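A short worksheet on the structure shown next.
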Amino acid sequence: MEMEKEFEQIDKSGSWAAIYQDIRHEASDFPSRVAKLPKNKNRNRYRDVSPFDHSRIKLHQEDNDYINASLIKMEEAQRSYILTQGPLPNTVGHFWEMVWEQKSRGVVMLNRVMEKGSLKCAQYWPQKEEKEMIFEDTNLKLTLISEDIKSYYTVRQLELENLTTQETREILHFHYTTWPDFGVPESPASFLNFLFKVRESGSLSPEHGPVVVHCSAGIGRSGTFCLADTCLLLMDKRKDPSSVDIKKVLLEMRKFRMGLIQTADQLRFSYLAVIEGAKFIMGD
Ligand SMILES: O=C(O)c1csc(-c2ccc(C(F)(F)F)cc2)n1
């Protein structure tokens with residue numbers, strides 16, 4: 001079925017939970033043996049969220065190459081994304097090592113450091129220009145260059161230096177700051193505006209490594225971001241945009257990381273975002 005009318009048909013019939021459970025039943029199951037080794041327990045935020053072995057990002061290190069991060073490679077859309085958990089106190093150096101080694105331009109953050117009164121990820125970037133951060137375990141230096149605070153998101157320019165080689169690179173930090181502590185946003189308008197700002201920066205384009213996207217577990221809000229982006233790109237590429245099947249795209253993405261889209265409310269929100277976004281693209 002088309003999307004917008006399949007949407008109204010699920011609303012009127014109140015069957016979002018049943019649609020979402022079908023997706024969960026059909027989703028791929030692949031091994032994640034490296035994630036579960038005892039030496040990696042303090043590298044995982046949640047025991048039930050792990051990268052598959054076949055698609056996990058490897059650190060370029062001979063001691064321990066493990067990070068909780070996955071490469072989502074979308075062949076028809078010609079987009080790739082790295083989805084990862086919010087960094088932990090003992091993985092902030094690994095996080096920036098990955099950004100460096102994978103040649104990423106941008107980092108997309110969809111959570112606040114504290115939500116619901118608890119810490120959802122480490123304070124992994126510097127908050128003042130004159131107070132830079134050094135990660136001694138991976139030999140990197142990180143400096144805040146500039147910061148632009150808007151009503152729904154903040155953009156930061158960061159400098160990452162590889163202290164072994166003295167090479168430097170500019171990284172863009174895109175921070176969506178207004179996702180509610182409970183539920184999903186009422187309108188997708190600010191999330192879509194945010195997605196378009198990431199796109200306009202070059203961070204999603206083939207001349208760079210894959211964008212790094214995270215929330216707390218790296219599957220829920222993060223899944224919504226890449227699902228909406230890929231569906232809108234396919235609608236632009238194909239002769240028949242009504243042939244884009246959001247449930248099929250989500251199942252393809254779940255071949256590369258488990259659990260993408262965590263609730264039936266997140267599924268409905270993804271439909272809403274793609275539907276509204278397709279009207280703004282045109283060309284109208
Ligand atoms: O209209 C359609 O349904 C349509 C148009 S292009 C397309 C398609 C393109 C590429 C690939 C892949 F090889 F890249 F995987 C798979 C499907 N489907």
Side-chain angles (χ1 to χ4, degrees), residues 1-11 13 15-16 18-20 22-32 51-58 69-84 102-106 108 188 192 195-196 198-213 218-220 222-261 266-284:
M1 196 185 316
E2 175 191 58
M3 191 169 31
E4 172 145 37
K5 290 185 283 154
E6 189 200 347
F7 180 85
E8 318 232 44
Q9 198 241 322
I10 302 169
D11 259 9
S13 54
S15 46
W16 282 109
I19 302 300
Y20 179 67
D22 298 351
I23 287 163
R24 292 188 60 159
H25 180 70
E26 287 297 327
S28 303
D29 191 23
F30 291 113
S32 310
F52 300 140
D53 296 319
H54 78 88
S55 55
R56 73 184 182 95
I57 301 294
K58 297 179 187 185
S70 310
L71 179 63
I72 303 357
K73 189 171 185 194
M74 301 306 286
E75 187 169 26
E76 185 190 358
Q78 285 293 291
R79 279 269 223 258
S80 296
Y81 319 83
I82 293 168
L83 268 64
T84 192
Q102 302 298 316
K103 302 180 156 56
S104 307
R105 179 84 189 293
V108 173
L192 285 165
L195 166 62
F196 298 156
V198 178
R199 277 185 176 195
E200 290 176 2
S201 80
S203 290
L204 290 164
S205 302
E207 63 250 28
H208 300 295
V211 69
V212 172
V213 348
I219 61 174
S222 291
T224 301
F225 184 88
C226 59
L227 180 61
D229 184 52
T230 283
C231 285
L232 291 168
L233 212 50
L234 293 169
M235 289 175 80
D236 267 348
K237 215 169 202 255
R238 284 185 187 177
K239 289 185 180 184
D240 177 11
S242 74
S243 71
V244 173
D245 185 335
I246 177 166
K247 301 189 259 48
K248 285 176 178 168
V249 178
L250 179 55
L251 287 165
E252 179 66 27
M253 292 183 163
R254 277 194 180 217
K255 297 176 180 175
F256 300 92
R257 188 169 175 83
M258 61 170 68
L260 304 182
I261 308 300
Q266 281 178 4
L267 185 64
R268 181 181 186 273
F269 181 75
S270 301
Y271 273 74
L272 266 184
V274 174
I275 292 169
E276 187 59 24
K279 309 167 153 158
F280 199 74
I281 208 122
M282 316 183 171
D284 242 86

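The residues of the chain are indexed from 1 along the displayed sequence. Computation of the quantities below employed the complete heavy-atom set of this structure, encompassing side-chain atoms and omitting hydrogens, waters and symmetry-equivalent molecules. In listed order, ligands and their atoms are each counted from 1.
For atom 13 (F) of ligand 1, the nearest protein heavy atom lies 4.0 Å or farther away.
Side chain of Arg257 to backbone of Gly218: a donor-acceptor contact under 3.5 angstrom is found. Between the side chain of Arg268 and the main chain of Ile10, no donor-acceptor pair closer than 3.5 Å is present.
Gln266 and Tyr20 are not linked by any side-chain donor-acceptor pair at a separation below 3.5 angstrom, with hydrogens and angles left out of the test.
Nearest protein neighbour of atom 1 (O) of ligand 1, counting heavy atoms only, is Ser243 OG, 3.6 Å.
Comment: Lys5 does not engage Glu8 in a salt bridge, judged by the lack of any side-chain N to carboxylate O separation of less than 4.0 angstrom.
With atom 9 (C) of ligand 1 as the reference point, the heavy atom nearest to it among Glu76, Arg238, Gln78 is part of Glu76.
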